[PDB]
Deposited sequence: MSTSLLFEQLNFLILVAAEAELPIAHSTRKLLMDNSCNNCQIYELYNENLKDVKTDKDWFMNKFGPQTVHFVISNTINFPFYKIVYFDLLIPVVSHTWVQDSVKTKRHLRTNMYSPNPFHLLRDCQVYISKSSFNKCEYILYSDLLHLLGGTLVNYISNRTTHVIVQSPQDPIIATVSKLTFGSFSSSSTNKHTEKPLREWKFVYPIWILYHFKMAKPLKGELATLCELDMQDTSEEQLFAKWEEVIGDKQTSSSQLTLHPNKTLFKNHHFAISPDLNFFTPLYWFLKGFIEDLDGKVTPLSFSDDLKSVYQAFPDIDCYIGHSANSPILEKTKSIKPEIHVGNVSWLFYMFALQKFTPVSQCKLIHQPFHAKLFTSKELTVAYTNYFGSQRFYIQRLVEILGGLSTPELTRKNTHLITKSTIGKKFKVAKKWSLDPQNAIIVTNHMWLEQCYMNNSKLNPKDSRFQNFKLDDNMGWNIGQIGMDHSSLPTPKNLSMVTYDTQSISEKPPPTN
């Protein structure tokens, strides 16, 4: 029972205990019988990694130089999980992923096979309604959903499980009732899982559902206070994110360019403060000199836009201040370490001005799994373009890591056309465009390299660290 299903893909199977060898062996056989390139087995139980710094360099030297496409583990309790999952963007999937992938003969979405028990929304395909939210709210809700293991879609389909709306005034509710299953919910559906770390059930679940009688702001505030307000009963899974002094001796200034729904600002404030940091909100009317002189411990600025005048004045007054966005905070929470922004990813800085339009950058992608799908869509978004689920003639670019798969074959053939030519280029073109703030040429040789799986440093997300 053989096939080409896993051609050119490298796997790392982590065995957490001696009793798992039978299953490790099973899984390896299925990978090898279905044409995996490399398949390493590493016994966690059989090597003392205590007092070894299991960081990115250590991982690339132990398990590289070629990229690991998938880690196969039914536990996240290994000391290089954060490096693998949050930095290198390698999916971590259960043994069941291999079994199900062989039976259905396609590369399955990885999210639902994550063994991270924080990934409470792993089974969710969620569309965030842009007509309900400002830009900053949209980014935040996307960050949290991704952090809870869910999938973001830019379209409503039969496969969409949840539509996020602010209120019953969102045009989309009416516009989809005309056309026509999936659930409308308030953003407190996402936030409750983040804060409490358990499935949302009972009366509180009902309070997160769209209610067409919530006709004023007052009724929304009241549901927000019932679902994520002063609970006083504890959060579950208290050891998943054990560093409760993560932001100790740090004080964040919050840009007025964020402009959150007030109860969302309370949630964000409460997040920073429960990790022992401090928050001062800046307003457009503030005299910035006296704010920063009145609270001289302020060491961090949180803003949406890199071109904000507040940020320009702030940098003038406070030249060594940390300059990050809301995504940066949650990345620090993911890593469980305060991390300067220069050691984080491009997407953790306040966003650059719009570089491209849709007409110049409507992109499809292929062979990007899990967090790499998230990362590529965020990057294309902040560049000013659109990213699509499928490859059509509407697409201006196909983004690819390698030469395998059917989308690459079709798109590479379409590149030979004379007039309306789709371009095939690698993900490093997106990253360098953003990093340099320039429309680089995708046909430069460095961006026509499609053998990026030979080096783990060419993983999407590593440009700019």
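Several segments of the deposited sequence are absent from the coordinates, namely 1, 182-199, 485-513.
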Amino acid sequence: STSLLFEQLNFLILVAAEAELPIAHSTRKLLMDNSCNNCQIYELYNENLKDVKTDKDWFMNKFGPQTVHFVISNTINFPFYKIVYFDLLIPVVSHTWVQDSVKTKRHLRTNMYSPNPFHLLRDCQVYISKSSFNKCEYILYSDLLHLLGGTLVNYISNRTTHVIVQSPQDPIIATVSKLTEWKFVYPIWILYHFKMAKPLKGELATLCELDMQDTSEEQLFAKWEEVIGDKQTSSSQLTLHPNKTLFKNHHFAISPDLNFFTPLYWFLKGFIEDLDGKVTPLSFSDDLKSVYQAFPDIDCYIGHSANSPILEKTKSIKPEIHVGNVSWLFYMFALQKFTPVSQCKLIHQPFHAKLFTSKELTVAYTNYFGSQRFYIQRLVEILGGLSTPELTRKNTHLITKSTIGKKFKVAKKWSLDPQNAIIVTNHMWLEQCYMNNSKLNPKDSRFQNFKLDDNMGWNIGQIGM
From here on, numbers count along this sequence of modelled residues.
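Compared with other entries of the same protein, residue 94 falls outside the group left without coordinates by a third of them; all model it where both flanks are modelled. Looking at the other PDB entries for this protein, residue 131 is present in the model in all of those that include the residues around it, rather than absent from a third. In this entry, the higher average B-factor at the C-alpha atoms falls on 407-415, of the pair 407-415 and 36-44. Mean CA temperature factor is higher for 167-175 when stretches 167-175 and 83-91 are set side by side in the entry. Within the group 324, 389, 199, 256, the record's highest C-alpha temperature factor is found at 389. In this structure the maximum Cα B-factor among 115, 281, 319, 187 is found at 319. Split the chain's modelled residues into thirds by C-alpha temperature factor. Residue 337 is in the middle one.
For residue 205, the recorded CA temperature factor ranks within the middle third of the chain's modelled residues. In the PDB entry, a CA B factor belonging to the middle third of its chain's modelled residues is recorded for residue 21. Among the modelled residues of its chain, residue 143 has a C-alpha B-factor that falls in the lowest third, as given in the PDB entry. When the modelled residues of the chain are ordered by their C-alpha B factor, residue 305 lands in the lowest third.
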